[PDB]
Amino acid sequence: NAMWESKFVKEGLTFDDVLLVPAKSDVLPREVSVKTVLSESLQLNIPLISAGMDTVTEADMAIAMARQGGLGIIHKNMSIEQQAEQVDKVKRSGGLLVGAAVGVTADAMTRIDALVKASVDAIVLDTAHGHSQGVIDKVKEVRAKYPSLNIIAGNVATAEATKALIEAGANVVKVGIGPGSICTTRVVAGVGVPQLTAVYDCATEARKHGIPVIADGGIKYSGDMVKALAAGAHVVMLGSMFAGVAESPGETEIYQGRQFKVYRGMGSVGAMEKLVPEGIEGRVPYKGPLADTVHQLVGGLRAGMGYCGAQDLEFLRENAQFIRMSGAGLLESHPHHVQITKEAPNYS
């Protein structure tokens, strides 16, 4: 009866539940290191990865990304020959880093070969439920065939799942079940773990095997990134904040005089039609080139590490302290009792 009595024990935290407490600082925002190492083959100058979705990352996005010091993951919602071409395309553009997503399917190894042939630096085996036997067995197969290949497996939300995938041979683990802006998983399936807690629990375990974790989803301001990083993540992955960018796939859609870009979940009827969906379709404001959005994110990270007296991303993960707050805390934490006049480059 022990499981029957534990159903409602666990409590979970999300980004907007917390604040990073300022700490003794000696280091200024321009001075801090934002470098990060996923592995031997995989080093990033900025801890950003653009999501593997048909409205977020194709060749042009992955390249603009890699030249910012970050990383692109080509979505798998295309042919095999096509993804391999675009992966090779990013590689011929200055010999820089590139990712490709593969689903746990029958044609998975066929896709992976063609991808390793095009010289991917990391494949991402993405699935709804990374804590699954099929997902384990696949990572085992792939680890067997390509012992040299960076393997990103997700998604997971628990310690148990983080361990299952590490042991199967995945060297980077991906955290997030249901925090995405376009995600309906928690609504339609009732399943999830608040992202902060899920980064924190998966990192605690992953820390032991010296394995890094990517916070995926739920990030809507630069300060969310800081929180996710400080809660244990090595790197964050973004969808919505990148979808509005000129280099992202999909052509600009006009709306109320303004310019927008389509942004849909890979699990939406829209993405799949090209069945019970776990995602929706919509649009985000046109934002400009990747370059200014990148600027605002990193600068936020830079100011947070400054506040936290963290010289590198390591010191931040291992030293940053949070403070929990109520919903009224959240109200104070955003602008309040003033009517906004101008748009800020980092706020709505």
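Rigid core: the largest C-alpha set superposing within 1.5 Å between the two forms. One rule holds for the numbers: they count along the sequence shown, beginning at 1.
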Find the stretch among 112-120 and 182-190 with the larger RMS C-alpha deviation in 8 other deposited structures of this protein, all structures being superposed on the shown form by the rigid core.
182-190
Return whichever of 322-330 or 14-22 has the larger RMS Cα deviation from the displayed form in 8 other deposited structures of this protein, where every structure is aligned on the rigid core.
322-330
Please confirm whether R92, modelled here, goes without coordinates in at least one third of the other compared entries that cover both its neighbours.
no
Other compared entries: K208 unbuilt in at least a third?
no
What size is the break between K274 and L275 in terms of deposited sequence residues left without coordinates: none, 1 to 3, 4 to 9, or 10 or more?
10 or more
Out of 175-183 and 246-254, which one has CA B-factors that are higher on average in the deposited record?
246-254
Mean temperature factor over C-alpha atoms, higher-scoring stretch between 72-80 and 192-200:
72-80
If you check the C-alpha B-factor for each of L125, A157, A233, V226 in the entry, which is highest?
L125
Going by the entry, which of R207, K220, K117, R264 has the most elevated CA B factor?
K117
What third of its chain, lowest, middle or highest, does the C-alpha temperature factor of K35 fall into?
middle
Here the Cα B-factor of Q43, set against its chain, lands in the third termed highest
What third of its chain, lowest, middle or highest, does the C-alpha temperature factor of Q339 fall into?
highest
By the entry's values, the third containing the CA B factor of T293 is the middle
Looking at the C-alpha B-factor of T57, is it in the lowest, middle or highest third of its chain?
middle
